[PDB]
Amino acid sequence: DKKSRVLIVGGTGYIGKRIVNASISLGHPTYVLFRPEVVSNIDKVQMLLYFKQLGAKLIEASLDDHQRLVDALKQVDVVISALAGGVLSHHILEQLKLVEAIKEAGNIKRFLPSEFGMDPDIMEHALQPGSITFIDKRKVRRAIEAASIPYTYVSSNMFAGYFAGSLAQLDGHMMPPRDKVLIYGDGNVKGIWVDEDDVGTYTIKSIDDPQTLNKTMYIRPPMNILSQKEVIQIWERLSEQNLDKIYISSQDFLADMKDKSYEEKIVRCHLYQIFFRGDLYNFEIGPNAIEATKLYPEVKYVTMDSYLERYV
């Protein structure tokens, strides 16, 4: 359908590839800035080549070369950053350089940061260490608005192939497990679960909208505002097997976690903000925000029934 010029930086990553094919399939002339890490990464490269035999343009650029970054950005309207990796620190704060490069140029009509999760300044009163992610992304958010860039913060919640795959288990397997399932407390506390393609499709549809201007865009697809136990229940209904439930709680689980060291207590206490303090649905949308599914009613969201209807 539309002609806007998007630059995706971060686009060899996990949600980035979803954003990238969304651009191309919803009519955007897409450009993908990539780093140097063509160095031994055949995987990253063949995907770029894959992106390129679809019609994308590839920009060799690094983030440190400020003058090429501005050159590059002058060629496009929107810039989407899907820049993320490990500790969610070393690579989220690189985007500051990209804000500095956007301030300097003037032709960007919209900048969408490396969000795609919980929403950093919705309190995130959060248990440490993994409180850093929301700290980092705020520095980036507060610097965008300072320099009065046009933004849309795409707070999109849980990717289904990360939490409904695993069924949210502490072991990191990306498959729903036979026999047991650990539940967090009650497992009644509501969560939101979204197909990685519905997140890309909804961010390329925010892109040029007057309505998503300086507003936070929540994807809260009505059908997928589900508790932990109810996603376990779609598996049960699907695999045709009833698992053996255990359930677990706050206190020495949080000091356990606070002694199992970083990256392990970052994923825990995030998973503990999702299914205990309930930071996915425990709040208002109201005035400086919107919902992705209300706005684009025509878009097609996948339910956790249809998403799990392939994990088996």
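Start at 1 and count along the sequence shown; that's the residue number.
| task | Identify the stretch, either 284-292 or 300-308, whose C-alpha atoms have the larger mean B-factor according to the entry. | result | Of 300-308 and 284-292, the stretch with the higher C-alpha B-factor average is 284-292.
| task | Name the higher of the two by mean Cα B-factor in the PDB entry, 180-188 versus 153-161. | result | Looking at the record's C-alpha B-factors, the answer is 180-188.
| message | Just to confirm, going by the entry's C-alpha B-factors, which of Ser227, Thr133, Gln241, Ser114 comes out highest? | response | Within the set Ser227, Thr133, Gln241, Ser114, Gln241 shows the top C-alpha B-factor.
| task | Tell me, please, which of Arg68, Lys57, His270, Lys44 has the highest C-alpha B factor according to the deposited entry? | result | Highest C-alpha B-factor among the listed residues goes to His270.
| request: Compare the C-alpha B factor of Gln128 with those of the other modelled residues in its chain, then answer lowest, middle or highest third. | output: Highest third, going by the recorded CA B-factors of the chain.
| task | Would you please rank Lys97 by its C-alpha temperature factor against the other modelled residues of its chain and give the third it falls in: lowest, middle or highest? | result | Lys97: CA B-factor falls in the lowest third of its chain.
| request: Select lowest, middle or highest to describe the third in which the CA B-factor of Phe276 falls within its chain in this entry. | output: Middle third by C-alpha B-factor.
| task | Just say lowest, middle or highest third for the CA B-factor of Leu26 relative to the other modelled residues in its chain. | result | For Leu26, the deposited C-alpha B-factor lands in the middle third.
| task | Report the third (lowest, middle or highest) to which the CA temperature factor of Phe51 belongs, ranking only the modelled residues of the same chain. | result | Answer is lowest: the recorded C-alpha B-factor places it there.
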